[PDB]
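Here are two versions of the same chain, shown separately as structure tokens and labelled structure 1 and structure 2.
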Structure 1
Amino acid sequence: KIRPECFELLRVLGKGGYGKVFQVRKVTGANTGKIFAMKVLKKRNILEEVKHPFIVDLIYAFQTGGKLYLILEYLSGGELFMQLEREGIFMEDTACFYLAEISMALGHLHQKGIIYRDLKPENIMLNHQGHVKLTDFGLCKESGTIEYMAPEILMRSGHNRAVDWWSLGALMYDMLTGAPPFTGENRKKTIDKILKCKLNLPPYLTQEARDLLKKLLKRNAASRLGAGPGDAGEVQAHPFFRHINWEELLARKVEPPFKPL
């Protein structure tokens, strides 16, 4: 059997949304001495039904009143954000590799009916190898006559795949310029900027990067890249990604730009 007693807490990886995440060592079983991450709820199926190179594995799940425990694989690579702010801006190729891997993860989830919604650099994690792992699934949606119906209503706006694709653009923008596309003195001001969405592209970007951002970072979800029935396929086919060999990338046979230590 498996119980909270089975695990020893080395440290706290993060306080979360109504959830804490620990670094633990297994003190019991055949995997004793093995290192894991424990996520706890005060009061799952999603994670179990996905086994991807670019998505965090789930090893054990168990319930005790009033708490739910999730036992995930530990990622030494930690946040990609650390790498970001370490330098200031990723080179285009370095950005492309991370973005390419995320696209594959997003594509898988979408097939699985899952939308990330949030793609902050904080969200993205790396494994020992230094490859992308996508982690948090708490704030994640779970996807008569129409003539006078609003466009937004028709496309299930706000709760469709397109939202993720936007987030990817913002992430791409952040990686390339060191800053997010729309930023404000305050939240309300920042929100308004995002809504206005008058995109400004720095001169130093390549045609490929600029074109992709314009396509990803566009307010109308329907016209957004990856918005389509193709999904990640549309984005992957973009000239930005021309160099990537997807089979190789999927295999994690492509050397990561940064290998932790």
Structure 2
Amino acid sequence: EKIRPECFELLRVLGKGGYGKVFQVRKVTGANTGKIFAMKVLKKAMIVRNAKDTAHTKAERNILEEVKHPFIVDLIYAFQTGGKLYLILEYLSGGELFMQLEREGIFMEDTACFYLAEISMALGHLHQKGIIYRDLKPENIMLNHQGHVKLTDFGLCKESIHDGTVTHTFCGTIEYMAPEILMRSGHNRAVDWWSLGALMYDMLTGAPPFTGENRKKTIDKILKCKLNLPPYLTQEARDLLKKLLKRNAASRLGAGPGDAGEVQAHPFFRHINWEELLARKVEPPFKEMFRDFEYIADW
């Protein structure tokens, strides 16, 4: 086929994991010459032998293509070789939202709000398509050139060191995970709303709501779920967090049949013009067998 590995110059490694790597790359051939993409390359070997890893990989692929959205990373090309799979996604030059909080320490509510709003929309869309994002750590969120939010990660675990064997649910940080996920006791889209809460808190205070002095101590905190709000938070922020961070998933705001709408309604968001926001016209605060794998965009 017309698209092949040799169509992209390798600029540098963005990530190394067990399932493969990510590169910053430049396109050599004519289609979008000299344009920058991110190449995700997976080891067919690691994957085909495992039915789970395989299905997860096919789902990642379907999703990045069946699902076009302004706050969801765009897939540009996909293709395979012998023993490798290739996803060419837009390069997100603004880095992780993580990095932003890192240097900021704390966001101003306005800044916090903007991000959470975009992310809220992205979540509403996925939920609509029966998709649950699952882990909303500040690293699953990235920013394009224009400082807008993009949802990143639907694929295989990115670690080289995993949590145990069997599963990759807990391989990275658990700070932003809903309690039910920690008990493996069921779950659904409500878990995302928890996570949004945990994100909001971290943004507004500079630490996740239940950081313990270690991972185990951290876990125990999440299950206890004794929520302490700092006195500096506006009553809205206070209220929203009180409703997102509920142990009982059923009562969690947005857990209901109103989903994202329930959350987007909240007074914490009075200054968001959703229509404008989705149109990305809103000043941002910063900046076996893999048969029909082969793919080229538009669409």
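Think of the rigid core as the biggest set of C-alphas that the two forms share within 1.5 Å after superposition. Numbering for residues begins at 1 and runs along the sequence of structure 1.
- With the rigid core aligned between the two structures, the listed residues 149, 91, 179, 191 include just one Cα displaced by at least 2 Å, namely that of 149.
- For residue 246, a C-alpha deviation below 2 angstroms is recorded between the two structures after rigid-core alignment.
- Taking the rigid core as fixed, one finds a CA shift for residue 128 smaller than 2 Å between the two structures.
- Core superposition places the Cα of residue 216 0.4 Å apart between the two structures.
- Core-aligned Cα shift between the two structures at residue 17: this is 6.1 Å.
- Once the two forms are overlaid on the core, residue 113 shows a Cα shift of 1.4 Å between the two structures.
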